[PDB]
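Asker: sharing an experimental structure here, sequence included.
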Amino acid sequence: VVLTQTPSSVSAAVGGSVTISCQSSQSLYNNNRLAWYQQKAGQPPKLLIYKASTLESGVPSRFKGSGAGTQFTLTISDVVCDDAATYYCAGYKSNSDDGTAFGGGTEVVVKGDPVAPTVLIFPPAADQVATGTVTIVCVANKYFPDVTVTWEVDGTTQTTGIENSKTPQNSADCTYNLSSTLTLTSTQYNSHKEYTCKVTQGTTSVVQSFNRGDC
Amino acid sequence: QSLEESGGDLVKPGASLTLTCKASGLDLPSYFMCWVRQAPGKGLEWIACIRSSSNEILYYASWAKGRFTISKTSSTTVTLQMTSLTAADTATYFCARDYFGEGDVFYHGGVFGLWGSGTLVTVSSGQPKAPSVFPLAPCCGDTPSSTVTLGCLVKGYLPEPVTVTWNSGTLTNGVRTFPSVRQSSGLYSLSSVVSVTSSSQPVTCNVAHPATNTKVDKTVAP
Ligand SMILES: CC(=O)N[C@H]1[C@H](O[C@H]2[C@@H](O)[C@@H](CO)O[C@@H](O[C@H]3[C@H](O)[C@@H](O)[C@H](OC[C@@H]4O[C@@H](C(O)O)[C@H](O)[C@@H]4O[C@@H]4O[C@H](CO)[C@H](O)[C@H](O[C@]5(C(=O)O)C[C@H](O)[C@@H](NC(C)=O)[C@H]([C@H](O)[C@H](O)CO)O5)[C@H]4O)O[C@@H]3CO)[C@@H]2O)O[C@H](CO[C@@H]2O[C@H](CO)[C@@H](O[C@@H]3O[C@H](CO)[C@H](O)[C@H](O)[C@H]3O)[C@H](O)[C@H]2O)[C@@H](O[C@@H]2O[C@H](CO)[C@H](O)[C@H](O[C@]3(C(=O)O)C[C@H](O)[C@@H](NC(C)=O)[C@H]([C@H](O)[C@H](O)CO)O3)[C@H]2O)[C@@H]1O
């Protein structure tokens, strides 16, 4: 059996509504063996709905299961920030090859009220240069919606050596956090002086900078 | 009720490996016990289920049967024998119970109420590497403020995972630990920061890497 989950990605405002649709290649056992799951980073999936519409104990009425046979839907009403997650359908036909299947997944992004990022730059510890490679960290806190990042060294933009990583949405206030690193050889680091990190959120920007050996 | 999965160092492509799933406060044979997996940054993929009692029932995914073998070695353990492992088999491998109740009757069918935490299997030709850890503090020409953000940079480790705590898990509030990112080379890097009110005394980040049995402690000062 194959489950076709749609959409792959959806945005919703707080107090709004999300609708996810599963579609199976064959009828499911008893026309009702579809279950819905919530997953957050670092954890296994939580079971929300089973037998197409039965709520697991402890799950709010805000989650509704419906459908029958080949077509199934999860509707989340009165969307809170804790609902920001990845959701999965799981279906069953029979005790046989490919009998159980998982849908591809849907990412629920919850539009919380916007916040601009504060930016920190972290110069390399003294330890780093001695190891030959040096990496410089730049973090962006409590923000929504998403940002891009630009690295300058002596006012000239950087193309390579860069790596970004973003936190999941906060379950209380819907904000991201982001860390971005710039990696260089020690001979590249000990040549240039002015090192910059420029975060941008559409219109607003936040540059943060430091001079080598202002220490 | 817990499932604790175990198995899987980093292994070379071609190799075989056996995962185990121990069950606490519950007997496995009377329920349909399955294995599921999730590759980094990808979806769930069902592998196989087994019920050991009565008439023994086994079923597999099309891509699993012939290569992976599910079995029961005790009344509280189920195993997965993997074979001819490739780089695409790198994932977290969960263990779960397919079951739901309806009054005087038990059923099952893609209803995974009970899961273990997972066991990361990493298939790669690379050599294991413990992380270099560096402190993250603001530049020393800045004026000391009321609050301050300090962190730990966990650089260049393999395989995943690493776990970062602060002051042995007592300091929880203000902590922001970012997802790992793979380099071009193959090594992982990771950041963790924390916010504190200056006068409070010094923050230590504890970086465990069970793969190499390395556990680093780093104290950070402004
Ligand atoms: C749960 C469920 O599923 N439920 C469901 C039901 O079901 C059922 C069925 O199936 C039956 C039949 O037969 O069966 C059953 O079963 C069971 C029972 O119950 C029990 O009791 C039993 O057990 C117990 C016993 O006891 C004792 C003695 O006595 O001694 C003992 O103990 C025993 O035990 C046991 O033992 C054994 C040994 O030998 C074993 O061990 C077992 O175990 C087991 C095994 O084997 O292993 C376990 C497992 O796990 C399982 N598996 C699974 C997979 O699960 C197994 C199995 O089960 C077995 O084996 C089998 O055999 O087991 C132990 O247990 O037992 C029995 C068994 O059998 C059940 O319960 O049903 C219902 C209904 O539905 C449906 O529907 C459809 C439609 O669609 C229809 O179709 C039609 O028809 C017509 C005519 O009439 C025409 O023809 C057409 O064509 C077609 O199509 C049908 O008929 C019906 O019936 C259901 O309900 C439902 O629900 C849902 C929810 O989700 C919904 O709501 C629905 O609704 C509807 C419908 O109808 O469908 C929807 C739609 O859509 C709508 N429409 C519109 C909207 O349009 C509709 C409307 O609304 C209306 O129509 C109005 O009017 O709706 C509903 O209905 C339920 O759910």
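Answerer: Ah, there it is. Numbers count the residues shown, from 1 in each chain, chains lettered A, B, ... in the order given.
Asker: can I see the domain layout of the chain?
Answerer: Going with chain A. Taking curated CATH domains as the reference, chain A has its domains at A:1-112, A:113-212.
Asker: wait, chain B
Answerer: Per curated CATH domains, the structural domains of chain B span B:1-125, B:126-222.
Asker: related to what we said a few turns ago, which stretch among the domains of chain A comes nearest residue B:15?
Answerer: domain A:1-112 (25.5 Å; CB to CB). C-beta coordinates here come from the backbone N, C-alpha and C atoms, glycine included.
Asker: nearest to chain B, of the domains of chain A?
Answerer: domain A:1-112 (3.3 Å; CB to the nearest CB).
Asker: that older thread, between the domains of chain B, which one is nearest to the ligand?
Answerer: domain B:1-125 (3.4 Å; CB to the nearest ligand atom).
Asker: for chain A, find the nearest of the domains of chain B.
Answerer: Across the domains of chain B, closest to chain A is domain B:1-125 (CB to the nearest CB), at 3.3 Å.
Asker: straight-line length of the closest one, end to end?
Answerer: Domain B:1-125 stretches 37 Å from its first residue to its last (CA to CA, to the nearest Å).
Asker: ok, stretch A:2-18 next?
Answerer: 23 Å.
Asker: same check on stretch A:142-153?
Answerer: Per CA to CA, stretch A:142-153 runs 26 Å from first to last residue.
Asker: what's it in contact with?
Answerer: A:111-118, A:138, A:140, A:157-158, A:161-162, A:164, A:166, A:169-170, A:173-178, A:180, A:182, A:184, A:192, A:194-202 (CB atoms under 8 Å, 6 or more residues apart in numbering or on different chains).
Asker: from the residues you listed, list the buried ones, please.
Answerer: A:111-112, A:115-117, A:138, A:140, A:161, A:166, A:169-170, A:174-178, A:180, A:182, A:184, A:195-199, A:201 (16 or more other CB atoms under 10 Å in any protein chain shown).
Asker: go back to those and keep what's next to chain B.
Answerer: Among the buried ones among the contacts of stretch A:142-153, the residues within reach of chain B (CB under 8 Å from any CB of the partner chain) are A:166, A:177, A:178.
Asker: which of those sits closest to the ligand?
Answerer: Lowest distance from the ligand to these (CB to the nearest ligand atom) belongs to residue A:166, with 37.8 Å.
Asker: that closest one touches residue A:180, doesn't it?
Answerer: No - when contacts are counted by CB atoms under 8 Å, residue A:166 is not listed as touching residue A:180 (9.4 Å).
Asker: the helix or strand containing residue B:93: which residues count as buried?
Answerer: Using DSSP states H and E, residue B:93 sits in strand B:91-102. Within strand B:91-102, the residues scored as buried using 16+ other CB under 10 Å are B:91, B:92, B:93, B:94, B:95, B:96, B:97, B:98, B:99, B:100.
Asker: export those residues to TSV and tack on distance to chain A?
Answerer: What follows is the buried residues of strand B:91-102, written out as TSV (distance: CB to the nearest CB, whole Å):
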residue	distance to chain A
B:91	13
B:92	9
B:93	11
B:94	6
B:95	10
B:96	8
B:97	11
B:98	7
B:99	10
B:100	5
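Asker: just the CA trace of stretch B:137-148, in PDB.
Answerer: The C-alpha coordinates for stretch B:137-148 follow below in PDB (Å, rounded to 0.1, in the frame of the first residue of the first chain):
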ATOM      1  CA  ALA B 137      31.800  34.200  24.400                       C
ATOM      2  CA  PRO B 138      31.300  37.800  23.400                       C
ATOM      3  CA  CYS B 139      34.300  39.900  22.200                       C
ATOM      4  CA  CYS B 140      36.400  41.100  25.100                       C
ATOM      5  CA  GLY B 141      36.300  44.800  24.100                       C
ATOM      6  CA  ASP B 142      32.500  44.900  24.700                       C
ATOM      7  CA  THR B 143      31.000  46.400  28.000                       C
ATOM      8  CA  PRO B 144      29.800  43.700  30.500                       C
ATOM      9  CA  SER B 145      26.000  43.700  30.500                       C
ATOM     10  CA  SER B 146      23.200  42.600  33.000                       C
ATOM     11  CA  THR B 147      22.500  39.400  31.100                       C
ATOM     12  CA  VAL B 148      24.900  37.500  28.800                       C
END
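Asker: do it and chain A come into contact?
Answerer: Yes - using CB under 8 Å from any CB, stretch B:137-148 reaches chain A at B:137, B:138, B:139, B:140, B:141.
Asker: how many neighbours does the nearest residue to the third one once chain neighbours are set aside have?
Answerer: The shortest distance from residue B:139 to any residue other than its chain neighbours is 4.6 Å, reached at residue A:210 (CB to CB, 6 or more residues apart in numbering or on different chains). The local packing count at residue A:210 equals 21, with neighbours defined by other CB atoms under 10 Å in any protein chain shown.
Asker: residue A:210 pairs with what?
Answerer: For residue A:210, the beta-bridge partners under DSSP bridges are residue A:195.
Asker: wait, isn't it in contact with residue A:119?
Answerer: No - in this structure residue A:210 lies outside contact range of residue A:119 using CB under 8 Å: 11.9 Å.
Asker: which residues of chain A lie near the ligand?
Answerer: Within chain A, the residues that sit near the ligand (CB under 6 Å from any ligand atom) are A:29, A:30, A:31, A:32, A:51, A:52, A:53, A:68.
Asker: of those residues, which pair is most distant in space?
Answerer: A:29 and A:53 (15.0 Å).
Asker: with neighbour numbers in mind, choose between these two.
Answerer: Comparing residue A:29 with residue A:53 by neighbour count (other CB under 10 Å), the higher total belongs to residue A:29, at 20 against 17.
Asker: separation between the more buried one and residue A:54?
Answerer: Going from residue A:29 to residue A:54 by CB to CB, to the nearest Å gives 15 Å.
Asker: how deep is residue A:186 tucked in, by neighbour count?
Answerer: 15.
Asker: and it, its phi and psi?
Answerer: phi -60, psi -30 (degrees, to the nearest 10).
Asker: help me confirm that it comes into contact with residue A:129.
Answerer: Yes - at 5.0 Å, residue A:186 counts as touching residue A:129 under the criterion of CB under 8 Å.
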